[PDB]
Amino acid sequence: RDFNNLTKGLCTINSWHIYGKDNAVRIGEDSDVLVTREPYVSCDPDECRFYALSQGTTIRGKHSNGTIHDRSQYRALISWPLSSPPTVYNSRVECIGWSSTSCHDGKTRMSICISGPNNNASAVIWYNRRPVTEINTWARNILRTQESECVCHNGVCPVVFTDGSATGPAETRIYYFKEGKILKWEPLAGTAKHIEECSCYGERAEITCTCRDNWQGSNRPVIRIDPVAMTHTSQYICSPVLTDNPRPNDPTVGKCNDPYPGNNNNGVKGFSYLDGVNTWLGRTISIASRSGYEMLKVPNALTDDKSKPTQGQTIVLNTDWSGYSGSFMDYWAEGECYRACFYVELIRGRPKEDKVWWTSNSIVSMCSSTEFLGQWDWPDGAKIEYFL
């Protein structure tokens, strides 16, 4: 095997088709399905899999009580076959912790998990299913990372981490790994003012990450990485189609180099594909809660501070719960272009559905089509009343 190189551009996105769906909450009402959150999707050269952070309990188990909580000793990054649910019996543990990323370089997989108390967390970088490198907290305040796949180019896999406040300036670092070893790291540069939970993809030897400015911004920060020079830039999505949550209503003109104000100290992981006229943004439909999900075609969203939608697709109705969303691609597919994909975490239970004592999710995932396909909506599909 050789290292994968990002030699292709994105395919033209004219609509989205269903890729995978696990129905995990429905199925786990009467089967041994692990409680999860913070899911994602990532491909190897011969398989694509679902990933998430387990809570170390099944959803029917009594230990599901309290699973709203973000960072226990009972969490782990798990992976499982595409569109199956994350069960006790089919889930492979990648590493232990409560914040993660993972990516394949074409030869083997790197997985990273962070664990520890808030003031003393540490990352362990696994490569080829073995621990290789460890990184201690630098700011002593919830060292944390992407919660979706990283991207590699000629063996170099950049990863974005943040340590520090969620409600003020923090210390974001871009690490450049190869074979699980640190080649370099850099502090965040550019105009993004706060970074969390980056969702990344690669095309034509560039990695684009769309992140969460938890502190101030309802527009999303964007980091663009050159994995050969091992350098980066940052800015925000200029468009007035705002894509964090909660958020104010859409204005007429956005902000390219500062957070678009109105909502502080909150957010949701999300994503975009930023490719000129071939630009699509994901967002929750609700401005107030993690409800609904839609894709909007917003030509030149990155650079045009008045750009508005020219096409769209509903993924989850506003009467259904959504959650985190992120990017991935099958870098090992056939053909001349990389097909954009994404997933949406469909969160069930607390805090929105507090008649149960747990929080979990299922997954839906879509990839782009060059056709203009009809649209459906893709809810989680479980009935909370069945769990009472």
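Residue indices: 1-based, along the sequence shown.
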Residue range whose averaged C-alpha B-factor is higher in the record, 330 to 338 or 35 to 43 | 330 to 338
Mean Cα B-factor comparison, 287 to 295 or 96 to 104, giving the higher one as deposited = 287 to 295
Largest Cα B-factor, entry values, listed residues 72, 210, 84, 79 | 72
Of the options 115, 111, 307, 146, which has the highest CA B factor as deposited?
-> 307
Rank-wise, by C-alpha B-factor, drop residue 48 into the lowest, middle or highest third of its chain.
-> middle
Residue 349 by Cα B-factor - lowest, middle or highest third of the modelled chain = middle
For residue 138, the third of its chain into which the C-alpha B factor falls | middle
For residue 56, return the chain-relative third of its C-alpha B-factor as stated in the PDB record: lowest, middle or highest.
-> lowest
If you rank every modelled residue in this chain by C-alpha B factor, which third holds residue 158: lowest, middle or highest?
-> lowest
